[PDB]
$ cat run37.cif   # mmCIF, C-alpha atoms and all ligand atoms
data_target
#
loop_
_atom_site.label_atom_id
_atom_site.label_comp_id
_atom_site.auth_asym_id
_atom_site.auth_seq_id
_atom_site.Cartn_x
_atom_site.Cartn_y
_atom_site.Cartn_z
CA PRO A 1 -22.14 27.65 39.89
CA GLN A 2 -20.28 29.53 37.16
CA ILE A 3 -17.00 28.21 35.76
CA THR A 4 -14.54 30.43 33.90
CA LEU A 5 -12.26 28.98 31.23
CA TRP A 6 -8.89 30.52 32.14
CA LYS A 7 -7.91 27.04 33.31
CA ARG A 8 -9.19 23.59 32.34
CA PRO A 9 -12.69 23.18 33.84
CA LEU A 10 -11.78 20.32 36.19
CA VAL A 11 -14.26 19.19 38.82
CA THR A 12 -14.58 16.32 41.27
CA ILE A 13 -16.85 13.43 40.33
CA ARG A 14 -17.95 10.39 42.29
CA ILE A 15 -18.30 7.07 40.49
CA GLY A 16 -18.27 3.45 41.60
CA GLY A 17 -17.35 4.51 45.10
CA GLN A 18 -14.38 6.59 44.00
CA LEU A 19 -13.56 10.30 43.80
CA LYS A 20 -11.80 11.53 40.66
CA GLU A 21 -11.15 14.75 38.79
CA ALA A 22 -12.86 15.13 35.44
CA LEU A 23 -12.98 17.68 32.63
CA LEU A 24 -16.34 19.33 31.78
CA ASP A 25 -16.22 18.85 28.02
CA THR A 26 -18.91 20.45 25.83
CA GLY A 27 -17.05 19.15 22.79
CA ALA A 28 -17.39 15.48 23.78
CA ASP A 29 -20.54 13.56 22.79
CA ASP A 30 -19.77 10.85 25.33
CA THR A 31 -18.32 10.51 28.81
CA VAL A 32 -14.94 8.75 28.76
CA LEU A 33 -13.09 7.68 31.90
CA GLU A 34 -9.61 6.35 32.66
CA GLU A 35 -9.19 2.60 32.86
CA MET A 36 -10.96 1.31 35.98
CA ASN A 37 -12.28 -2.09 37.03
CA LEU A 38 -16.05 -1.55 37.34
CA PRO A 39 -18.37 -4.53 37.87
CA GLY A 40 -21.25 -5.34 35.57
CA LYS A 41 -21.77 -6.23 31.94
CA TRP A 42 -20.22 -4.08 29.23
CA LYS A 43 -20.19 -3.97 25.44
CA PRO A 44 -17.14 -3.17 23.28
CA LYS A 45 -17.18 0.16 21.47
CA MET A 46 -14.97 2.39 19.32
CA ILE A 47 -14.91 6.16 19.79
CA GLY A 48 -12.80 8.74 18.03
CA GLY A 49 -11.44 12.25 18.29
CA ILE A 50 -8.43 14.21 17.07
CA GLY A 51 -5.74 11.55 16.58
CA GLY A 52 -7.98 8.61 15.69
CA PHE A 53 -10.05 5.95 17.44
CA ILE A 54 -9.65 3.99 20.67
CA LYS A 55 -11.28 0.82 21.96
CA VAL A 56 -13.43 1.27 25.07
CA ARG A 57 -15.88 -0.61 27.26
CA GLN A 58 -19.42 0.72 27.51
CA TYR A 59 -21.20 0.55 30.88
CA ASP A 60 -24.86 1.62 31.09
CA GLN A 61 -26.91 3.10 33.92
CA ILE A 62 -23.93 4.01 36.08
CA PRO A 63 -24.74 6.42 38.95
CA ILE A 64 -22.40 9.38 38.93
CA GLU A 65 -22.21 12.52 41.03
CA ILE A 66 -20.75 15.59 39.35
CA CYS A 67 -19.72 18.48 41.55
CA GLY A 68 -22.46 17.49 43.98
CA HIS A 69 -25.11 17.00 41.29
CA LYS A 70 -26.50 13.51 40.76
CA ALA A 71 -26.70 11.89 37.35
CA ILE A 72 -26.97 8.45 35.80
CA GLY A 73 -26.02 7.28 32.35
CA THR A 74 -23.61 5.64 29.97
CA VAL A 75 -19.89 5.82 30.70
CA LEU A 76 -17.13 4.53 28.43
CA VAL A 77 -13.95 3.19 30.05
CA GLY A 78 -10.66 3.04 28.19
CA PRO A 79 -7.07 4.28 27.83
CA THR A 80 -7.74 8.03 27.96
CA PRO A 81 -5.20 10.41 29.54
CA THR A 82 -8.00 12.30 31.27
CA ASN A 83 -11.53 11.76 32.53
CA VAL A 84 -14.05 13.51 30.30
CA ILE A 85 -17.64 14.40 31.17
CA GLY A 86 -19.50 14.68 27.87
CA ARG A 87 -22.84 16.15 26.85
CA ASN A 88 -24.75 12.97 27.76
CA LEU A 89 -24.17 13.80 31.43
CA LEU A 90 -23.80 17.60 31.22
CA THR A 91 -27.40 17.96 30.08
CA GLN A 92 -28.48 16.02 33.19
CA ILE A 93 -26.99 18.52 35.62
CA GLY A 94 -28.45 21.47 33.72
CA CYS A 95 -25.17 22.75 32.34
CA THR A 96 -25.22 25.51 29.71
CA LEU A 97 -22.69 27.64 27.81
CA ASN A 98 -23.09 31.39 28.19
CA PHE A 99 -21.55 34.49 26.61
CA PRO B 1 -26.61 33.78 24.32
CA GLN B 2 -27.28 30.73 26.51
CA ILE B 3 -26.65 27.40 24.82
CA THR B 4 -28.04 24.09 26.08
CA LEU B 5 -26.20 20.84 25.35
CA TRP B 6 -28.80 18.36 24.07
CA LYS B 7 -27.27 18.97 20.64
CA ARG B 8 -23.64 19.67 19.71
CA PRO B 9 -22.82 23.36 20.43
CA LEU B 10 -22.14 24.38 16.82
CA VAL B 11 -21.88 28.02 15.82
CA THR B 12 -20.92 29.94 12.72
CA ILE B 13 -17.53 31.59 12.56
CA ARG B 14 -16.06 33.97 10.00
CA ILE B 15 -12.35 33.64 9.29
CA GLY B 16 -10.00 34.61 6.48
CA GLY B 17 -13.07 36.32 5.05
CA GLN B 18 -15.04 33.06 4.87
CA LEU B 19 -17.82 31.33 6.87
CA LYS B 20 -17.52 27.95 8.59
CA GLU B 21 -19.19 25.97 11.35
CA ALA B 22 -17.35 25.20 14.58
CA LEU B 23 -17.84 23.49 17.94
CA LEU B 24 -17.63 25.50 21.19
CA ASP B 25 -15.42 23.13 23.17
CA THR B 26 -14.58 23.73 26.84
CA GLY B 27 -12.48 20.57 26.87
CA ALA B 28 -10.02 21.79 24.22
CA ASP B 29 -7.08 23.98 25.28
CA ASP B 30 -6.49 25.11 21.70
CA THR B 31 -8.47 25.94 18.55
CA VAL B 32 -8.08 23.51 15.65
CA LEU B 33 -9.61 24.03 12.22
CA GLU B 34 -9.82 21.74 9.20
CA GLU B 35 -7.20 22.15 6.46
CA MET B 36 -7.54 25.53 4.73
CA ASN B 37 -5.43 28.40 3.43
CA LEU B 38 -4.77 31.20 5.88
CA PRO B 39 -2.67 34.29 5.19
CA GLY B 40 0.59 34.69 7.07
CA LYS B 41 3.41 32.34 7.95
CA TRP B 42 2.78 29.14 9.88
CA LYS B 43 4.95 27.02 12.13
CA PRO B 44 4.88 23.20 12.23
CA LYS B 45 3.43 21.83 15.47
CA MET B 46 1.99 18.67 16.98
CA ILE B 47 -1.04 18.34 19.23
CA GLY B 48 -2.59 15.35 20.94
CA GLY B 49 -6.18 14.32 21.29
CA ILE B 50 -8.07 11.19 22.14
CA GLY B 51 -6.71 8.66 19.67
CA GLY B 52 -3.27 10.21 19.42
CA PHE B 53 -1.17 13.02 17.97
CA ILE B 54 -1.41 14.85 14.64
CA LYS B 55 0.75 17.39 12.78
CA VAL B 56 -0.78 20.85 12.50
CA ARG B 57 0.14 24.26 11.11
CA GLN B 58 0.15 27.08 13.66
CA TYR B 59 -1.04 30.54 12.64
CA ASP B 60 -0.75 33.31 15.24
CA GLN B 61 -2.84 36.46 15.76
CA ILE B 62 -5.63 35.42 13.41
CA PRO B 63 -8.81 37.48 13.76
CA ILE B 64 -11.95 35.36 13.98
CA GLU B 65 -15.60 36.24 14.48
CA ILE B 66 -17.48 33.72 16.59
CA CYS B 67 -21.23 34.12 16.58
CA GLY B 68 -20.82 37.88 16.20
CA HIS B 69 -18.07 38.21 18.83
CA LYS B 70 -14.55 39.24 17.86
CA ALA B 71 -11.42 37.35 18.91
CA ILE B 72 -7.78 37.39 17.81
CA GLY B 73 -5.47 34.55 18.71
CA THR B 74 -3.63 31.39 17.75
CA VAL B 75 -5.33 28.98 15.37
CA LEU B 76 -4.11 25.47 14.49
CA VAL B 77 -4.90 23.95 11.09
CA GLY B 78 -4.72 20.26 10.35
CA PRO B 79 -6.57 16.94 9.77
CA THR B 80 -9.38 17.22 12.30
CA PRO B 81 -12.83 15.59 12.15
CA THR B 82 -14.46 18.93 12.93
CA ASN B 83 -13.62 22.58 13.67
CA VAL B 84 -13.04 23.12 17.38
CA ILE B 85 -13.00 26.48 19.17
CA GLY B 86 -10.91 25.95 22.29
CA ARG B 87 -10.40 27.87 25.54
CA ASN B 88 -7.79 30.21 24.08
CA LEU B 89 -10.60 31.87 22.07
CA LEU B 90 -13.59 31.06 24.32
CA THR B 91 -12.04 33.13 27.13
CA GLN B 92 -11.69 36.10 24.76
CA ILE B 93 -15.43 36.20 24.08
CA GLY B 94 -16.32 35.81 27.75
CA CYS B 95 -17.73 32.30 27.58
CA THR B 96 -18.48 30.43 30.84
CA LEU B 97 -20.06 27.13 31.92
CA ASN B 98 -23.07 27.38 34.22
CA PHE B 99 -25.27 24.91 36.11
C1 LIG C 1 -8.71 19.67 19.88
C2 LIG C 1 -7.56 19.44 20.88
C3 LIG C 1 -6.95 20.77 21.22
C4 LIG C 1 -6.46 18.60 20.26
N1 LIG C 1 -8.02 18.89 22.15
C5 LIG C 1 -8.64 17.71 22.35
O1 LIG C 1 -9.00 16.89 21.50
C6 LIG C 1 -8.95 17.43 23.82
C7 LIG C 1 -7.88 16.42 24.30
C8 LIG C 1 -8.10 16.11 25.79
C9 LIG C 1 -7.08 15.09 26.31
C10 LIG C 1 -7.37 13.66 25.81
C11 LIG C 1 -8.80 13.17 26.15
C12 LIG C 1 -9.81 14.16 25.54
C13 LIG C 1 -9.57 15.59 26.08
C14 LIG C 1 -10.57 16.61 25.50
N2 LIG C 1 -10.33 16.91 24.08
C15 LIG C 1 -11.39 17.85 23.67
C16 LIG C 1 -12.68 17.13 23.23
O2 LIG C 1 -13.80 17.99 23.39
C17 LIG C 1 -12.71 16.52 21.79
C18 LIG C 1 -12.95 17.57 20.67
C19 LIG C 1 -13.18 16.95 19.31
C20 LIG C 1 -14.48 16.85 18.82
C21 LIG C 1 -14.70 16.25 17.60
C22 LIG C 1 -13.63 15.75 16.86
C23 LIG C 1 -12.34 15.86 17.35
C24 LIG C 1 -12.10 16.46 18.58
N3 LIG C 1 -13.83 15.58 21.76
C25 LIG C 1 -13.64 14.26 21.65
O3 LIG C 1 -12.52 13.76 21.57
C26 LIG C 1 -14.90 13.43 21.60
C27 LIG C 1 -14.74 12.12 22.37
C28 LIG C 1 -16.05 11.40 22.56
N4 LIG C 1 -16.21 10.27 21.89
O4 LIG C 1 -16.93 11.88 23.28
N5 LIG C 1 -15.23 13.14 20.20
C29 LIG C 1 -16.43 13.45 19.68
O5 LIG C 1 -17.28 13.99 20.41
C30 LIG C 1 -16.63 13.16 18.31
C31 LIG C 1 -17.83 13.49 17.61
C32 LIG C 1 -17.93 13.17 16.23
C33 LIG C 1 -16.85 12.53 15.56
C34 LIG C 1 -16.93 12.20 14.18
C35 LIG C 1 -15.82 11.55 13.56
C36 LIG C 1 -14.64 11.24 14.30
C37 LIG C 1 -14.55 11.57 15.68
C38 LIG C 1 -15.66 12.21 16.30
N6 LIG C 1 -15.60 12.54 17.62
#
$ encode --input "run37.cif" --output "structure tokens"
Amino acid sequence: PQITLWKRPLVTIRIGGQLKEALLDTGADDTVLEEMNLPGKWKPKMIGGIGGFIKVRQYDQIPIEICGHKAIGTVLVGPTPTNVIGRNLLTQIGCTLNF
Amino acid sequence: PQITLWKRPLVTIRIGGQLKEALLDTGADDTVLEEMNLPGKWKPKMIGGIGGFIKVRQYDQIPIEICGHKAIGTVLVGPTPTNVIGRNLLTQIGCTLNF
């Protein structure tokens, strides 16, 4: 589908048996999700952005469905005010920017 | 043009009569550029990102050429890791997400 940018590009995602709203973010290298108790091993990581860095937990090979499109990859979990779908997953669902 | 996301979506912009590189970011509501001198008066403002809030200078009605396309809107200048072109300007050039 085609998504206009008049409003934040929020879509429904499915991860770890849960439905959430997430922001399609072409400006994010990674996918960062709100704090959630996912099972499995994780490794500590530090990621940054505008106001500085935050500590997050890195989970690998997590199945995730974005707007009905299946994907699988690395997700970072931490204290973020919003769920962000970064380029690592956007490329998997064939997402492109057009103008 | 159609831009894939395997690499960061960086484009060249011309502003204040000078060239710079910026990121086309669908996740950003506003446009934030690295510290630089811009004609006109500015107003102190604060914006939040991942990591926290920062103090920026707000310049209104600034003309900016993005990859050959003209736009005129609000631009925020402050201590940012990279130049980000947000939705306020992306909408002006007719940018959309597609998959
Ligand atoms: C620019 C501003 C208007 C303030 N908006 C935002 O920052 C909003 C805020 C929203 C609410 C909080 C959670 C994030 C979302 C999306 N972001 C947009 C969002 O696109 C933002 C843009 C950006 C890119 C690079 C540097 C700074 C800022 N990206 C990010 O925050 C992603 C997060 C990540 N690790 O994937 N950062 C990076 O992709 C990234 C890349 C290289 C870097 C080098 C040095 C330091 C930091 C670096 N961060």
$ residues_near_ligand --input "run37.cif" --ligand "ligand LIG 1 (chain C)" --cutoff "8 Å" --atoms "only C-alpha atoms and all ligand atoms" --output "count of residues only"
42
$ atom_distance --input "run37.cif" --atom1 "atom CA of residue A:74" --atom2 "atom CA of residue B:90"
27.9 Å
$ atom_distance --input "run37.cif" --atom1 "atom CA of residue A:68" --atom2 "atom CA of residue A:6"
22.2 Å
$ atom_distance --input "run37.cif" --atom1 "atom CA of residue A:57" --atom2 "atom CA of residue A:45"
6.0 Å
$ residues_near_point --input "run37.cif" --point "(-23.6, 29.0, 13.3)" --cutoff "8 Å" --atoms "all atoms listed in the file" --output "JSON list (two decimals) with C-alpha atoms, in the frame of the given file"
[["chain", "number", "residue", "atom", "x", "y", "z"],
["B", 10, "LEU", "CA", -22.14, 24.38, 16.82],
["B", 11, "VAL", "CA", -21.88, 28.02, 15.82],
["B", 12, "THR", "CA", -20.92, 29.94, 12.72],
["B", 13, "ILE", "CA", -17.53, 31.59, 12.56],
["B", 20, "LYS", "CA", -17.52, 27.95, 8.59],
["B", 21, "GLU", "CA", -19.19, 25.97, 11.35],
["B", 22, "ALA", "CA", -17.35, 25.20, 14.58],
["B", 67, "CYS", "CA", -21.23, 34.12, 16.58]]
$ closest_residue --input "run37.cif" --among "B:36, B:72, B:85, B:19" --to "chain A" --atoms "all atoms listed in the file"
B:85
$ closest_residue --input "run37.cif" --among "B:56, B:5, B:46, B:93" --to "residue B:73" --atoms "only C-alpha atoms"
B:93
$ closest_residue --input "run37.cif" --among "A:41, A:70, A:8, A:14" --to "chain B" --atoms "only C-alpha atoms"
A:8
$ closest_residue --input "run37.cif" --among "A:75, A:38, A:2, A:17" --to "residue B:95" --atoms "all atoms listed in the file"
A:2
$ axis_aligned_box --input "run37.cif" --around "stretch 55-65 of chain A" --padding-each-side "3 Å" --output "AutoDock Vina command-line options"
--center_x -19.1 --center_y 6.0 --center_z 31.5 --size_x 21.6 --size_y 19.1 --size_z 25.1
$ residues_around --input "run37.cif" --residues "residue B:35" --least-positions-apart "2" --cutoff "7 Å" --atoms "all atoms listed in the file" --output "list in words"
residues 33, 77, 78 and 79 of chain B
$ write_last_selection --input "run37.cif" --atoms "C-alpha atoms" --output "PDB file, in the frame of the given file"
ATOM      1  CA  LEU B  33      -9.610  24.030  12.220  1.00  0.00           C
ATOM      2  CA  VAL B  77      -4.900  23.950  11.090  1.00  0.00           C
ATOM      3  CA  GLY B  78      -4.720  20.260  10.350  1.00  0.00           C
ATOM      4  CA  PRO B  79      -6.570  16.940   9.770  1.00  0.00           C
TER       5      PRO B  79
END
$ decode --input "run37.cif" --residues "stretch 10-76 of chain A" --atoms "C-alpha atoms" --output "compact mmCIF listing (two decimals), in the first residue's frame"
# COMPACT_ATOMS: atom_id res chain seq x y z
CA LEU A 10 1.64 4.32 12.39
CA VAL A 11 0.78 0.72 11.56
CA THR A 12 -0.15 -2.42 13.48
CA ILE A 13 2.57 -4.98 14.11
CA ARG A 14 2.41 -8.44 15.63
CA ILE A 15 5.26 -9.59 17.86
CA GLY A 16 5.59 -12.22 20.57
CA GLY A 17 1.88 -12.90 20.39
CA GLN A 18 0.91 -9.26 20.84
CA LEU A 19 -0.57 -6.53 18.63
CA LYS A 20 0.97 -3.06 18.90
CA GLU A 21 1.15 0.17 16.95
CA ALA A 22 4.53 1.09 15.52
CA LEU A 23 6.06 3.95 13.55
CA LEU A 24 7.52 3.23 10.08
CA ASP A 25 10.84 5.02 10.52
CA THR A 26 13.18 5.40 7.54
CA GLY A 27 15.49 7.44 9.76
CA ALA A 28 16.08 4.62 12.25
CA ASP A 29 18.85 2.08 11.58
CA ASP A 30 17.35 -0.33 14.10
CA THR A 31 13.94 -1.45 15.32
CA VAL A 32 13.28 -0.30 18.89
CA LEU A 33 10.26 -1.41 20.91
CA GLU A 34 8.71 -0.38 24.22
CA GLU A 35 9.70 -2.36 27.29
CA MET A 36 8.22 -5.85 27.07
CA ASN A 37 9.06 -9.17 28.71
CA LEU A 38 10.09 -11.40 25.78
CA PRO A 39 11.61 -14.83 26.44
CA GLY A 40 14.99 -15.89 25.12
CA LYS A 41 18.59 -14.79 25.44
CA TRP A 42 19.51 -11.16 24.89
CA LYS A 43 22.66 -9.06 24.83
CA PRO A 44 23.01 -5.55 26.27
CA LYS A 45 23.39 -2.72 23.78
CA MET A 46 23.54 1.08 23.61
CA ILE A 47 21.79 3.01 20.84
CA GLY A 48 21.53 6.74 20.34
CA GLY A 49 19.53 9.45 18.64
CA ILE A 50 18.67 13.10 19.20
CA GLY A 51 18.97 13.54 22.98
CA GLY A 52 21.65 10.94 23.67
CA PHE A 53 21.92 7.20 24.26
CA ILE A 54 19.73 4.62 25.97
CA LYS A 55 20.40 1.11 27.24
CA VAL A 56 18.46 -1.63 25.46
CA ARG A 57 18.23 -5.40 25.21
CA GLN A 58 18.95 -7.02 21.85
CA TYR A 59 16.86 -10.02 20.79
CA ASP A 60 17.75 -11.82 17.54
CA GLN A 61 15.64 -13.78 15.06
CA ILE A 62 12.31 -12.53 16.37
CA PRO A 63 9.34 -13.20 14.04
CA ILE A 64 7.38 -10.02 13.40
CA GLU A 65 4.41 -9.24 11.19
CA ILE A 66 4.18 -5.69 9.89
CA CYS A 67 0.88 -4.57 8.44
CA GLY A 68 0.25 -8.14 7.33
CA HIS A 69 3.76 -8.66 5.92
CA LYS A 70 5.99 -11.24 7.60
CA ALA A 71 9.53 -10.47 8.66
CA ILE A 72 12.18 -11.77 11.05
CA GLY A 73 15.13 -10.01 12.55
CA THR A 74 16.78 -8.16 15.39
CA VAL A 75 14.63 -6.11 17.75
CA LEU A 76 15.91 -3.90 20.55
